[PDB]
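Reviewing the structure listed below.
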Amino acid sequence: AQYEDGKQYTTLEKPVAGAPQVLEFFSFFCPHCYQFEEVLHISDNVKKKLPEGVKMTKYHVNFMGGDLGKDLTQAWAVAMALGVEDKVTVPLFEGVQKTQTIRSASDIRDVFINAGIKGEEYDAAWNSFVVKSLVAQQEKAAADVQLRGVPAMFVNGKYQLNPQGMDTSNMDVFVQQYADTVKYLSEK
């Protein structure tokens, strides 16, 4: 067939009940995640091709970068809680991987401040239980699919994208194949 299990995607041996419709995992420490988001724009290109009524969820993971990695998962919860993902995703990636100016929770905080989030608002969110349960949601989703590498994307707790079986010669064509595959799996 044009779309084949084991080729553009794989099927989870153990399907996750009540999983988000489209679920992307990343780390700000993850070099191909930087490519996916900052150069290829996978999240954005998948999302604009999703069927009506299919929402996209993106979670950060802990298993890279040690102590700073968990700080970044908590910061990504703050980003989700305040709805400022589209303001902090670029400087977080560049601060960790490009300029390497993010070395502490405080440096992470500096990115939000520069992006215009007030210190008091960031600190209140950072310390909030709403953010703790958002951290918990992120960890649970990653645990549900026994996640050990990023970037990764899952559809309906049933299918896992498999980009290794796709042509990378043209970045534009790769992205649309990836996106069309998510839409296909979405409609399955």
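16 is the number of the first residue of the sequence shown in our numbering; add one for each residue after it. Each residue gets a CB set at the ideal place from its N, CA and C atoms; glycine is no exception.
Residue i in three-state terms, based on DSSP
i, result
"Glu-39", "strand"
"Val-105", "helix"
"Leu-176", "strand"
"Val-170", "strand"
"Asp-20", "strand"
"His-75", "strand"
Straight-line gap, residue i to residue j (C-alpha atoms, nearest Å)
i, j, result
"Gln-152", "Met-181", "31 Å"
"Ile-132", "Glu-52", "22 Å"
"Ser-42", "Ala-94", "14 Å"
"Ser-58", "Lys-22", "21 Å"
"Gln-179", "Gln-192", "12 Å"
"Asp-138", "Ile-117", "18 Å"
"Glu-67", "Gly-98", "21 Å"
"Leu-27", "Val-188", "26 Å"
Nearest residue (CA-CA) to residue i, options the options
i, options, result
"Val-76", "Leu-176, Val-190, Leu-38, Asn-129", "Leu-38"
"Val-170", "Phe-78, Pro-30, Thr-183, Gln-192", "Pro-30"
"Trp-91", "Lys-64, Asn-60, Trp-141, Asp-125", "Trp-141"
"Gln-115", "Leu-55, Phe-189, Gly-131, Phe-44", "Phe-44"
"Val-54", "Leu-97, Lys-113, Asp-20", "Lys-113"
"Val-150", "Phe-41, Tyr-74, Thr-26, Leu-27", "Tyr-74"
"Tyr-49", "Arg-118, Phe-108, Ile-117", "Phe-108"
"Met-79", "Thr-104, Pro-46, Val-99", "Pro-46"
"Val-126", "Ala-167, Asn-185, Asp-101, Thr-72", "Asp-101"
"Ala-156", "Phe-144, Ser-143, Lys-173", "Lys-173"
"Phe-40", "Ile-128, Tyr-137, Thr-88", "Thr-88"
"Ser-201", "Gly-84, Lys-62, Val-103", "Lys-62"
"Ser-148", "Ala-96, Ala-194, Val-190, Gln-161", "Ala-96"
Range covered by the alpha helix (DSSP H) that runs through residue i
i, result
"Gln-191", "186-201"
"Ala-151", "144-159"
"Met-95", "81-97"
"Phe-127", "120-129"
"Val-111", "Note, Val-111: premise wrong, no alpha helix (DSSP H); not H, not E."
"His-47", "46-49"
"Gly-164", "Here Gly-164 belongs to no alpha helix (DSSP H), and DSSP marks it neither H nor E."
Expected contact under 8 Å - CB spacing of residue i and residue j to nearest Å
i, j, result
"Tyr-24", "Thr-183", "Actually they are not in contact, since the Cβ atoms of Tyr-24 and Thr-183 sit about 17 Å apart, beyond 8 Å."
"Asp-159", "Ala-16", "The Cβ separation is near 28 Å, so there is no contact."
"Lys-64", "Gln-36", "Wrong, their Cβ atoms sit about 13 Å apart, outside the cutoff."
"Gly-110", "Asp-122", "7 Å"
"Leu-176", "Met-168", "4 Å"
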